[PDB]
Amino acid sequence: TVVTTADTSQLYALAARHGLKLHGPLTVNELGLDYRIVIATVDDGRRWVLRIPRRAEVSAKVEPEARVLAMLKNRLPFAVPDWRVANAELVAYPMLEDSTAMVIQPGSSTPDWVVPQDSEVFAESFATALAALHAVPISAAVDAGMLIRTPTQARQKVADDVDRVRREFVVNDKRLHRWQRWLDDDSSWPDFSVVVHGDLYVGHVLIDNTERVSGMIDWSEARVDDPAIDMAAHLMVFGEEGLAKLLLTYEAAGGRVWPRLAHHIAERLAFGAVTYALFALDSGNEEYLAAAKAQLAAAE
């Protein structure tokens, strides 16, 4: 007998209650704070992703995300998870076998690999994919019950998050001033909102073996909001040169821009410290909290 991390009999029973018969190899990622993620082989010979909510508060988010993905499926020129099972105890979809655009071993803080800076096929196809996403009509998002933020509501959300961090943590004075100046800088903010992925970075983008964007995953944060939300992580990974290329092609592909978009994306990236701190706070995880407090107290 060999102790294994996965509980195959419990997983089998869970999947079977939702019409999936597990058979063959599986792998398990238990490091998620909200979900256990298992990639399992099913009697169709195919791999499926089992996205297992850990708690009632997580389970509550399944049905609204299911409506998002159902709406998006025909309206994007790339794949998204096909949640053929979606309920409080289990989400399951056939695995999208294409690689993520960043490969990282669970537990590790350093990726094995990220799609290269000089990959023109990746850069170009990410920009067009993003323009396509941001072209999904607002009416479709409303009809699907999505969270909608007008430009005023988008800016208010940022203000609320900044204020919550200020109430719970002690933040470097210059950091605070940066965020406030940004919130007060009318010219930075867009006068429209779009359907955004909300958690978009190389780890949630799938690519075919030519490095062309073929899919996106992990849509929990999707909503109608500030377009720049989906561009900040591109700046973080690919730098100002990568952002410059993105904006040129995004605009050429029909994406709507505004003159201070590049600036606004950089401010959104800085605002990532707020998002991280609130995640840490809401998680109750002391390691995340220690990192967050250190970041917030530090000079940029």
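Throughout, rigid core stands for the largest set of C-alpha atoms superposing within 1.5 Å between the two forms. Numbers follow the displayed sequence, beginning with 1.
Remark: when the other structures in 6 other deposited structures of this protein are fitted onto this one via the rigid core, 40 to 48 deviates more than the alternative among 40 to 48 and 66 to 74, judged by RMS CA distance.
Averaged over structures and residues, the CA distance from the shown form in 6 other deposited structures of this protein after a core fit is larger for 109 to 117, of the two stretches 173 to 181 and 109 to 117. Mean CA temperature factor is higher for 108 to 116 when stretches 142 to 150 and 108 to 116 are set side by side in the entry. The stretch 34 to 42 shows the higher mean C-alpha B-factor when 229 to 237 is compared against 34 to 42 in the entry.
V91: CA B factor lies in the lowest third for its chain, per the PDB record.
Per the PDB record, residue ranking by Cα B-factor puts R75 in the highest third of the chain. In the PDB entry, a CA B factor belonging to the middle third of its chain's modelled residues is recorded for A252.
Ranked within its chain, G272 lands in the lowest third, by CA B factor from the PDB record. Sort the modelled residues of the chain by CA B factor and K245 lands in the highest third.
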